[PDB]
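Okay, so here's the structure we're looking at.
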Amino acid sequence: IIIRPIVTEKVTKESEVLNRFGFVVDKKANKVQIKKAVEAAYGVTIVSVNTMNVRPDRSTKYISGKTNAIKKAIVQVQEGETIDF
Amino acid sequence: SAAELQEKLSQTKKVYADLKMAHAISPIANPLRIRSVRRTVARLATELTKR
Amino acid sequence: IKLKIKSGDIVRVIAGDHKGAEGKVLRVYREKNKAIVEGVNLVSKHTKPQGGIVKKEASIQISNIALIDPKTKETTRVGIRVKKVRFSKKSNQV
RNA sequence: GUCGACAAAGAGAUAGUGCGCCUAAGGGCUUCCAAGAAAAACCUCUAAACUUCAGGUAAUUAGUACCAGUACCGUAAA
RNA sequence: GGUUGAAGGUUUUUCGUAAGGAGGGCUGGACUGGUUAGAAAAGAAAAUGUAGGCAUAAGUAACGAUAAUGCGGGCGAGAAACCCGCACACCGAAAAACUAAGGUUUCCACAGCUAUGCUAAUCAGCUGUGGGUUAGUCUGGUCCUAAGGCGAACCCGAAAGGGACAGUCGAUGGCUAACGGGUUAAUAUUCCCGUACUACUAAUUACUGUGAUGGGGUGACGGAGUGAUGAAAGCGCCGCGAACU
RNA sequence: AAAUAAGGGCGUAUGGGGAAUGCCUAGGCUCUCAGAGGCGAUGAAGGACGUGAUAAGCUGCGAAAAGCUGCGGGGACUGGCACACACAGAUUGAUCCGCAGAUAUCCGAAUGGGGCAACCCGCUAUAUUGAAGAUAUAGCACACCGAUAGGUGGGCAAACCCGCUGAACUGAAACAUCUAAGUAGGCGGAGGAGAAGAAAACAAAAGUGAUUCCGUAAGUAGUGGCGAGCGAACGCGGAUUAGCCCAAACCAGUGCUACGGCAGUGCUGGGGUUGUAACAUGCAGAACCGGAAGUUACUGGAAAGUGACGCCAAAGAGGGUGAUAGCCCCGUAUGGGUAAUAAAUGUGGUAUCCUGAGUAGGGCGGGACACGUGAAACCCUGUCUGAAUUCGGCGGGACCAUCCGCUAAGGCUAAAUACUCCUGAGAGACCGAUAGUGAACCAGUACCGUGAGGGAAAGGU
């Protein structure tokens with residue numbers, strides 16, 4: 001279900017202050033499955049998942065092309081524990 | 001084969017979706033192993049359905 | 001498509017500005033039917049790793065290339081004898 | 001502290017528990033003829049079902065809450 | 001006949017009653033064509049003919065509300081239009097804030113002035129790279145139904161098909177638990193802080209008739225007028241805190 | 001430096017601009033020969049979304065996702081258009097080709113319910129904290145029949161063919177009968193063809209013997225506001241050739257509706273069908289294998305060109321190669337090898353009974369026959385009426401008598417015939433980029449409209 005972790009400035013500036021980590025998850029997965037996947041994939045007692053769907057760019061040049069819309073999940077890991085990455 | 005050491009092998013050899021995550025986080029030394037394991041798992045599935 | 005001149009075969013140019021420049025076949029484009037022989041077609045390339053005008057080996061048509069026979073030095077045509085070993089139809093010496 | 005221009009932690013400052021005017025927002029009430037939606041939700045009863053079960057009530061603890069939108073313009077340069 | 005230079009383009013000479021033929025120089029770098037016979041997509045100057053290219057009007061009309069601009073610094077090769085600052089002016093039941101329909105990345109940062117902007121531009125809703133949308137309580141589904149649609153069965157019609165009961169969909173309506181601040185360049189009843197609420201499940205105690213697709217009550221509703229009391233905004237006064245003379 | 005008439009006109013030369021012409025082909029057009037004529041509930045045509053070490057498009061392929069497996073061919077490169085920096089695989093024999101298999105997300109007949117196509121929401125069985133929020137696999141639409149385990153069909157798509165419906169413009173120099181035309185269009189079904197097809201037929205004193213198609217007959221007979229127009233048949237010459245099965249009378253078994261059974265109506269078997277009319281080894285068959293023969297000097301950037309001297313030819317079709325090649329390459333003629341499939345080895349007879357009933361005819365109103373109600377035969381019927389069984393019935397263009405032919409009211413049937421969404425081979429006194437398909441090129445694309453729909457330009461170092 002988990003494809004790759006998100007590594008951007010906005011998510012890295014909050015993974016330190018708070019305990020929120022970003023992941024790029026499958027399109028047809030819900031929070032109940034995301035929590036269990038990160039749980040029995042890292043063992044960090046994930047709480048408070050938040051999902052968000054993105055859209056394709058659908059750019060056009062001189063030719064058209066979309067950019068594979070996905071869904072990103074922000075998990076709020078328990079205090080004291082962190083994800084290795 | 002024997003349908004017992006292979007049914008579990010086709011599931012334990014799925015390090016393809018760990019090497020893929022490793023490569024997505026950072027480029028691995030030999031990226032051409034991804035295609036190799038992606039076709040080996042297909043060979044295993046074919047042999048498993050053929051029994 | 002089959003070819004009678006594989007890589008690693010000493011050949012001789014029979015047509016072109018060189019017309020007699022020997023060498024060894026390195027690469028073979030089978031779709032374009034063109035072989036790159038070392039020592040022939042020394043072309044210049046203006047590459048922008050500080051480098052200026054570099055020398056490179058350009059391709060040449062296989063029709064302008066003939067194998068050298070094990071007999072007296074002369075170009076020859078090749079046949080197939082079966083193993084499927086190829087001989088020269090000028091001295092029959094393989 | 002970031003790269004002298006900025007600049008968050010903190011302090012004045014628990015800075016009147018201040019006074020007057022003003023304030024229908026809405027619901028009710030009156031009247032009139034032109035006489036002014038439906039169903040779901042909520043409460044009660046019983047038909048089949050079962051009896052020391054299962055279901056119902058009150059109090060405590062713990063756990064769980066899904067899918068899609070969330071940018072920007074929107075009396076306009078979108 | 002031709003890479004010792006073909007067709008094609010440009011000049012020149014000559015021949016024929018003409019349509020036309022032949023030769024030379026220049027560009028051009030691969031085909032061409034005599035004699036006899038044959039065939040036809042066989043000849044343009046006009047159809048307010050068609051397509052492409054280019055002129056004239058001509059450096060002419062115009063540059064899109066008569067709300068308005070001036071100066072000094074900054075980057076920069078380049079500044080009336082960009083950034084900063086001090087002045088001036090305009091809207092202000094608006095030219096202000098939220099947001100529906102709709103648009104579907106136009107949002108934010110950095111590089112660029114080619115095309116786009118009725119001018120130039122170091123600027124941009126433009127170009128290229130990196131980001132941005134976080135919900136148990138907000139809006140829809142998982143709940144309900146109106147107008148209307150589909151519609152087994154049934155009734156009609158040369159065929160396609162039409163009507164239509166039960167049923168099933170259909171908001172523009174009904175039901176349903178949250179408020180105030182802070183942060184980022186871009187998100188905030190969503191993240192954080194403070195403080196609450198609603199529904200379900202599993203344990204434990206005291207307990208017991210629970211119980212529809214069926215019956216009933218409520219949901220559940222018009223126009224106009226409006227006392228009394230009284231919120232939020234608004235106005236006035238004293239007190240208190242800070243800054244300045 | 002020079003010149004100068006502010007400027008204009010003419011002639012020559014050199015520039016920009018543009019794309020014509022010339023040459024070429026990546027694509028098209030008309031056909032010939034031989035096949036094939038469908039896909040789909042084991043989920044079609046057509047899409048959406050994904051899939052690469054790198055991935056914006058196109059191509060290929062579906063969570064086994066530029067790919068997996070098996071059998072053959074093949075023998076050095078390969079990881080598509082696509083290159084470059086790279087990284088890997090591969091003589092243990094990769095890549096590639098032919099055939100046969102596996103996987104095959106979502107929408108779509110879409111089929112568990114719904115819906116605004118690519119979405120939402122479920123029930124029953126199992127397992128996962130199993131328990132709320134949720135998950136993984138399997139089964140859950142309709143109609144018919146099968147008695148029951150289960151089978152058949154939904155839909156899409158070129159033309160040919162069949163059946164049901166069915167115009168108008170136009171012509172008649174107007175127009176209504178008529179033509180256009182049973183054409184265009186609409187609807188349903190099947191096959192490689194379909195329809196028709198075996199005489200209740202023609203013909204005429206002589207005869208033929210199922211249907212279909214080609215040439216004449218023939219623009220004839222005829223029909224027609226006898227106007228425009230429409231237009232057969234007989235006979236003859238050819239392609240192909242093929243004929244058969246039931247109902248009934250009758251005989252057996254069997255079910256139903258006075259103490260022998262019979263009668264009627266069902267089922268199975270036999271009988272019976274007409275116009276002189278019961279009682280394994282070889283050939284072919286996929287990729288594939290092999291396939292002859294030229295040296296020199298000159299011009300030239302480059303030889304295939306020119307001159308000289310040679311060779312092959314069952315191969316001098318064609319294409320490519322720095323210019324024009326029989327002997328440079330791919331090929332061509334001849335010859336081999338192939339998996340599935342394959343290829344030759346009864347007679348006569350008196351009487352009696354049966355030969356398709358609301359059927360043939362007829363009245364009324366229409367349609368097709370070349371034939372428009374005309375002297376109108378023949379065929380079909382919307383409504384009504386309604387015959388006999390073989391010395392019977394029908395036809396020979398009103399009708400009657402005689403002669404001749406046939407035997408209706410049941411069915412099947414190949415060949416010769418029509419077409420091309422396709423397939424393999426091959427041609428053109430066919431086009432050559434305003435031509436040829438709208439489209440030689442990221443074309444039914446960009447653009448236009450709410451929608452049906454309309455629809456371009458764009459080749460060359």
Side-chain angles (χ1 to χ4, degrees), chain A residues 1 6 8 10-11 13-14 17-18 20 22 27-37 40 47-76, chain B residues 10 14 16-17 19-20 23-24 27-29 31-32 34-46 48-51, chain C residues 1-9 13-16 18-19 25 27-30 32-35 41 47 49 60-67 75-82 84 86 89-90:
Chain A
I1 310 179
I6 305 178
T8 84
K10 184 177 185 178
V11 310
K13 285 195 188 66
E14 57 182 54
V17 176
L18 299 175
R20 329 198 85 237
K27 190 70 175 183
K28 271 295 181 297
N30 56 336
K31 304 177 180 178
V32 178
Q33 284 176 326
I34 302 304
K35 173 178 295 184
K36 297 183 181 179
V47 194
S48 194
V49 198
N50 297 111
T51 55
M52 182 204 317
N53 299 77
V54 314
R55 59 171 294 275
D57 292 335
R58 291 193 176 276
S59 99
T60 299
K61 60 169 295 183
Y62 297 90
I63 304 179
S64 292
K66 42 196 297 300
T67 50
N68 297 324
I70 52 187
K71 153 179 285 185
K72 39 190 292 186
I74 317 295
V75 294
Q76 205 271 334
Chain B
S10 165
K14 282 200 172 185
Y16 159 76
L19 213 58
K20 201 79 173 179
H23 186 81
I28 54 181
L32 270 248
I34 302 177
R35 180 188 304 174
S36 100
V37 297
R38 190 202 297 118
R39 300 200 284 194
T40 299
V41 61
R43 290 187 174 91
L44 285 175
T46 313
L48 186 139
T49 171
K50 201 164 190 173
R51 308 181 196 91
Chain C
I1 174 144
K2 256 186 170 179
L3 297 177
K4 297 183 178 182
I5 300 177
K6 60 180 299 180
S7 300
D9 278 356
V13 181
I14 73 177
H18 312 272
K19 197 183 179 182
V25 182
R27 193 186 172 97
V28 171
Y29 312 90
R30 314 172 79 258
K32 301 158 57 185
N33 199 40
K34 291 204 302 180
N41 264 9
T47 61
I60 190 184
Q61 293 281 155
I62 312 188
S63 324
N64 305 330
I65 276 184
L67 288 174
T75 71
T76 184
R77 300 186 300 267
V78 288
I80 303 301
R81 189 194 312 182
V82 56
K84 283 187 177 300
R86 60 173 199 269
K89 46 183 58 178
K90 200 170 301 304

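Letters A, B, ... are given to chains in the order of the sequence lines, protein chains preceding strands, and every chain is numbered from 1. These numbers come from the heavy atoms of this one structure, side chains and all, not from hydrogens, waters or symmetry mates.
At the phosphate of F:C49, neither OP1 nor OP2 sits under 4.0 Å from any side-chain N or O atom of A:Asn68. Phosphate proximity of F:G50 to A:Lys66: present, with a side-chain N or O under 4.0 Å from OP1 or OP2. A:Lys10 has a side-chain polar atom (N or O) that falls below the 4.0 Å cut-off from OP1 or OP2 of E:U133.
Base-pair annotation: E:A94 with E:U104 fails the Watson-Crick or G-U wobble criterion (two N/O distances, each under 3.5 Å). Applying the 3.5 Å cutoff to both bonds, E:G117 and E:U226 do not register as a Watson-Crick or G-U wobble pair.
Pairing for F:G112 is with F:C121, a Watson-Crick or G-U wobble pair whose two hydrogen-bonding atom distances lie under 3.5 Å. Pair check for F:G197 finds none; no Watson-Crick or G-U wobble contact set falls under 3.5 Å. With a cut-off of 3.5 Å on both pairing distances, F:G455 has no Watson-Crick or G-U wobble partner at all. When Watson-Crick and G-U wobble pairs are counted only if both distances are under 3.5 Å, F:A360 pairs with no nucleotide at all. When both distances must be under 3.5 Å, the Watson-Crick or G-U wobble mate of F:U321 does not exist.
Using a 4.0 Å heavy-atom criterion, one finds that A:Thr67 contacts no nucleic acid atom at all. If you check every strand for non-hydrogen atoms under 4.0 Å, A:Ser64 touches sugar and phosphate atoms only.
Separating the CG atom of A:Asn50 from the P atom of E:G136 is a distance of 7 Å, rounded to the nearest angstrom. Nucleotide F:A88 holds its P atom 7 Å from the CG atom of B:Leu32, rounded to whole Å.
Within the 4.5 Å cutoff, the side chain of B:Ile28 has heavy atoms near those of the B:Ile34 side chain.
On the basis of its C1'-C2'-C3'-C4' angle being negative, F:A303 carries a south sugar.
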Each nucleotide N or O in nucleotides 328-330 of chain F that has a protein N or O under 3.5 Å away: list the pair and distance.
unit_1, atom_1, unit_2, atom_2, d
F:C328, OP2, C:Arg77, NH1, 2.7
F:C328, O2', C:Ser63, O, 3.4

